[PDB]
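Engineer: Please read through the structure below; I'll follow up with questions.
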Amino acid sequence: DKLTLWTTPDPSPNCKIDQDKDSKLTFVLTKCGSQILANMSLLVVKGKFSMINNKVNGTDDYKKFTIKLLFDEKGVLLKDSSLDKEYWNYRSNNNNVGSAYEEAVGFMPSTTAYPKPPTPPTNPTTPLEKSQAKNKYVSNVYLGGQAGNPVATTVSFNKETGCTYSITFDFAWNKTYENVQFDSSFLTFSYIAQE
Amino acid sequence: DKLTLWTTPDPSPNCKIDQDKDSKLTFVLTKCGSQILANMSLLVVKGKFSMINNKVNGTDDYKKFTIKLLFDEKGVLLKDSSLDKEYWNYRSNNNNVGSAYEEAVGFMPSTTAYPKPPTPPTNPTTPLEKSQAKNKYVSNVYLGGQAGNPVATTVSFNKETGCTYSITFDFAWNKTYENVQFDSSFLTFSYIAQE
Amino acid sequence: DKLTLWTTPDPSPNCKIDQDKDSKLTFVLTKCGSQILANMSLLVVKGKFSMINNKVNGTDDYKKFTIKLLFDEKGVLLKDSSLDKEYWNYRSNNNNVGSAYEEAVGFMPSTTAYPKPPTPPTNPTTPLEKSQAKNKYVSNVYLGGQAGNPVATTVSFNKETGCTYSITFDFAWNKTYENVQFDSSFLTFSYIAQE
């Protein structure tokens with residue numbers, strides 16, 4: 001088989017935030033049985049977040065954006081994802097000139113560990129019987145790889161509607177950045193796999 | 001064998017902070033030879049930390065709590081842990097209707113890498129010859145999965161006295177939370193295994 | 001083979017920041033195919049950062065330092081690294097009284113994922129076509145394992161000149177520490193491997 005499903009190395013951009021080939025997403029999933037081991041970088045090369053300036057454009061919509069990975073019931077990427085299908089496959093093996101095939105359910109984030117979330121009660125004083133938060137990793141990345149340029153990053157599992165599985169990346173910051181390209185330090189986490 | 005030792009999926013709560021079935025701890029250990037790969041979520045469903053309000057209860061004891069995993073010399077959970085033994089076993093395999101057995105030493109945190117810590121010198125100006133900190137991962141979780149609701153989380157290895165190995169989770173915050181359920185984003189780290 | 005390449009357990013110090021045996025670096029690499037799984041602790045036992053006091057020594061050079069791992073084209077440590085070669089090998093196996101040998105290319109950080117970085121344009125307004133940040137994990141450690149004692153830590157891949165591969169650890173803080181030994185909580189991340 002192959003145990004690593006990733007963003008094939010091409011010099012080309014492969015991702016759309018607002019416009020086609022906005023961005024070059026690096027994303028690597030390596031399977032350790034029950035946990036998938038994730039690593040991700042993001043470079044946005046044109047559009048609103050290549051060179052950010054919030055002194056100029058300070059409205060909320062210029063300080064957050066989202067990226068969506070959307071899979072079918074067999075773990076194949078759907079057209080409507082942010083990531084272009086052509087740049088997403090397993091690593092080498094008998095998948096070198098076997099080219100873009102799939103099944104990949106063992107790389108999907110468990111619908112048991114990460115279910116469709118319930119509807120939060122009417123009263124927020126009322127405590128939950130089951131978790132709204134448990135499908136989110138909330139961490140940071142650093143633009144330019146500089147400690148001074150944080151971007152709050154929320155990875156969320158199986159919360160999108162297009163699909164059967166989903167990995168969603170929601171970035172957002174408060175710092176009023178002045179001329180700073182969105183070019184991220186990498187983020188590493190792990191998640192519970194389906195089978 | 002099985003390589004993943006975890007909190008069996010049950011809708012039921014499985015953990016005690018102050019009272020029996022206070023809390024529903026999700027905790028997954030996946031073994032990659034020398035490193036154990038950990039993932040953890042926490043939902044507290046009744047007690048002091050289901051709905052936190054520190055405008056009402058502002059004393060130090062309402063802004064910190066602890067969870068303890070305690071193992072014997074073979075890597076079996078002891079009764080006195082926060083986590084209920086009945087909800088802790090390997091993942092499926094020949095352990096589906098083989099039910100709660102164990103040995104699990106390869107999932108234990110190394111007593112060589114994480115020893116009983118020495119006694120810190122009389123003078124704190126005096127520098128150490130061996131580490132007090134090296135058995136702690138110190139990170140955060142996010143209540144509601146919201147960047148604005150951090151909780152400082154200190155995972156500590158083999159520091160408890162009941163036992164032969166130990167994984168301890170010490171949560172604590174300064175934010176004066178007003179009506180906020182302790183429902184955590186997940187935390188991922190790795191640790192050095194025994195054998 | 002062996003899948004874990006690490007800092008052999010010895011009570012002795014094994015690392016040089018400014019002077020020989022300054023420091024006792026714990027560092028463990030465990031290979032999961034395409035990703036290397038890293039874990040690191042640091043104790044500095046003499047020199048400037050055993051007992052830090054920035055009320056006394058407040059200049060920039062007393063609030064940052066660096067550690068370098070430098071490998072040849074086969075993944076062998078070079079003399080000039082911060083880490084002493086004698087304390088760095090695979091874990092047991094047929095490498096117990098086979099002693100210090102190597103090849104270890106599969107533990108090296110990919111020169112495809114982590115290349116020699118390009119030269120940042122003349123104008124910083126000009127947006128990049130390829131990433132300057134993508135070879136850095138930027139995170140923290142906690143001196144004494146205390147949430148109140150952060151140290152910003154930047155792990156950087158293949159940026160040094162002595163060598164063919166490199167893992168570099170750049171620590172730095174703003175807090176004016178008063179009498180606090182540099183004794184770190186551990187840091188865990190993963191990185192993309194070569195082959």
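Ligands are numbered from 1 in the order shown, chains are lettered A, B, ... in the order of the structure tokens, and residues start at 1 in each chain.
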Quick check: residues of chain A within 8 Å of chain C, only C-alpha atoms, returned as a ChimeraX atom specification.

Structural biologist: /A:3-4,9,30,32,39,41-43,45-46,50-51,141-147,179-181,183-189

Engineer: Considering only C-alpha atoms, return as a VMD selection string whatever protein or nucleic-acid residues lie within 9 Å of residue 104 of chain C, sequence-local ones (same chain, fewer than 5 positions apart) excluded.

Structural biologist: chain C and resid 5 74 to 76 195

Engineer: Quick one: pick out all helix (DSSP H, G or I) residues within segment 57-194 of chain C from a backbone DSSP run and write them as a ChimeraX atom specification.

Structural biologist: /C:60-62,85-87,105-107

Engineer: Quick one, how far is atom CA of residue 117 of chain B from atom CA of residue 71 of chain B?

Structural biologist: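 Spanning atom CA of residue 117 of chain B to atom CA of residue 71 of chain B is a straight-line distance of 17.7 Å.
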
Engineer: Mind pulling up the distance from atom CA of residue 31 of chain C to atom CA of residue 27 of chain B?

Structural biologist: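 Here the two named atoms are 22.8 Å from each other.
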
Engineer: Residues of segment 39-145 of chain C classed as strand (DSSP E or B) by DSSP on the backbone are to be reported as a PyMOL selection string.

Structural biologist: chain C and resi 39-44+52-53+64-71+77+83+88-90+109+136-143

Engineer: For the residues in the current selection, export N, CA and C atoms as a compact mmCIF listing (two decimals), in the first residue's frame.

Structural biologist:
# COMPACT_ATOMS: atom_id res chain seq x y z
N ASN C 39 11.10 14.76 19.66
CA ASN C 39 10.82 15.11 21.07
C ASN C 39 12.08 15.73 21.65
N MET C 40 12.02 16.95 22.21
CA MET C 40 13.25 17.50 22.84
C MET C 40 13.16 18.33 24.14
N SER C 41 14.11 18.09 25.04
CA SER C 41 14.23 18.69 26.37
C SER C 41 15.61 19.37 26.34
N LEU C 42 15.88 20.38 27.19
CA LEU C 42 17.24 20.95 27.33
C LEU C 42 17.54 21.42 28.74
N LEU C 43 18.64 20.93 29.29
CA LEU C 43 19.12 21.38 30.59
C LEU C 43 20.49 21.96 30.38
N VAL C 44 20.70 23.21 30.80
CA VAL C 44 22.02 23.82 30.71
C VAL C 44 22.52 23.93 32.14
N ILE C 52 19.80 31.88 34.88
CA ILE C 52 19.65 33.14 34.16
C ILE C 52 19.28 34.29 35.12
N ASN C 53 19.98 35.41 35.04
CA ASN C 53 19.53 36.62 35.70
C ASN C 53 19.68 37.83 34.79
N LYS C 64 19.14 35.12 24.28
CA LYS C 64 18.95 34.20 23.19
C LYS C 64 20.16 33.28 23.03
N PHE C 65 19.96 32.06 22.51
CA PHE C 65 21.10 31.21 22.14
C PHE C 65 20.65 30.13 21.17
N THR C 66 21.61 29.42 20.60
CA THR C 66 21.36 28.46 19.55
C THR C 66 22.08 27.14 19.67
N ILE C 67 21.46 26.12 19.11
CA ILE C 67 21.96 24.77 19.14
C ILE C 67 21.83 24.29 17.72
N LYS C 68 22.82 23.57 17.22
CA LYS C 68 22.87 23.15 15.83
C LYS C 68 23.13 21.65 15.74
N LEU C 69 22.28 20.94 14.99
CA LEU C 69 22.59 19.58 14.55
C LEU C 69 22.91 19.59 13.06
N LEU C 70 24.09 19.11 12.70
CA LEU C 70 24.61 19.18 11.35
C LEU C 70 24.96 17.81 10.83
N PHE C 71 24.34 17.42 9.72
CA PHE C 71 24.55 16.08 9.17
C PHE C 71 25.24 16.11 7.80
N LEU C 77 26.09 12.91 11.98
CA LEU C 77 26.44 14.14 12.69
C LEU C 77 27.85 14.58 12.41
N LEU C 83 25.88 19.17 19.50
CA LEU C 83 25.73 17.90 20.18
C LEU C 83 26.97 17.08 19.97
N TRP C 88 25.28 10.26 20.42
CA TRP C 88 24.23 10.22 19.38
C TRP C 88 24.31 8.97 18.51
N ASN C 89 23.34 8.08 18.67
CA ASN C 89 23.27 6.88 17.87
C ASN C 89 21.83 6.38 17.85
N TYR C 90 21.57 5.32 17.09
CA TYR C 90 20.33 4.53 17.14
C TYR C 90 20.11 3.91 18.53
N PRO C 109 15.75 15.70 7.39
CA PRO C 109 14.63 16.50 6.97
C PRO C 109 14.74 16.76 5.48
N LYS C 136 10.22 26.19 9.16
CA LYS C 136 10.30 26.50 10.57
C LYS C 136 9.03 26.05 11.28
N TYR C 137 9.26 25.36 12.39
CA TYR C 137 8.30 25.15 13.45
C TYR C 137 8.62 26.20 14.50
N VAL C 138 7.63 27.01 14.90
CA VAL C 138 7.85 28.05 15.90
C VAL C 138 6.93 27.77 17.03
N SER C 139 7.44 27.53 18.23
CA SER C 139 6.62 27.09 19.35
C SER C 139 7.28 27.57 20.62
N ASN C 140 6.90 27.06 21.77
CA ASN C 140 7.52 27.47 23.03
C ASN C 140 8.04 26.32 23.86
N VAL C 141 8.87 26.63 24.84
CA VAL C 141 9.12 25.68 25.92
C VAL C 141 8.99 26.41 27.21
N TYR C 142 8.90 25.66 28.28
CA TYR C 142 8.68 26.28 29.54
C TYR C 142 9.74 25.94 30.57
N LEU C 143 10.53 26.94 30.93
CA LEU C 143 11.60 26.78 31.90
C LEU C 143 11.00 26.41 33.26

Engineer: Find the residues near residue 13 of chain A: any atom within 7 Å, counting only C-alpha atoms, skip ones fewer than 4 places away on the same chain, and give them as a count of residues only.

Structural biologist: 3
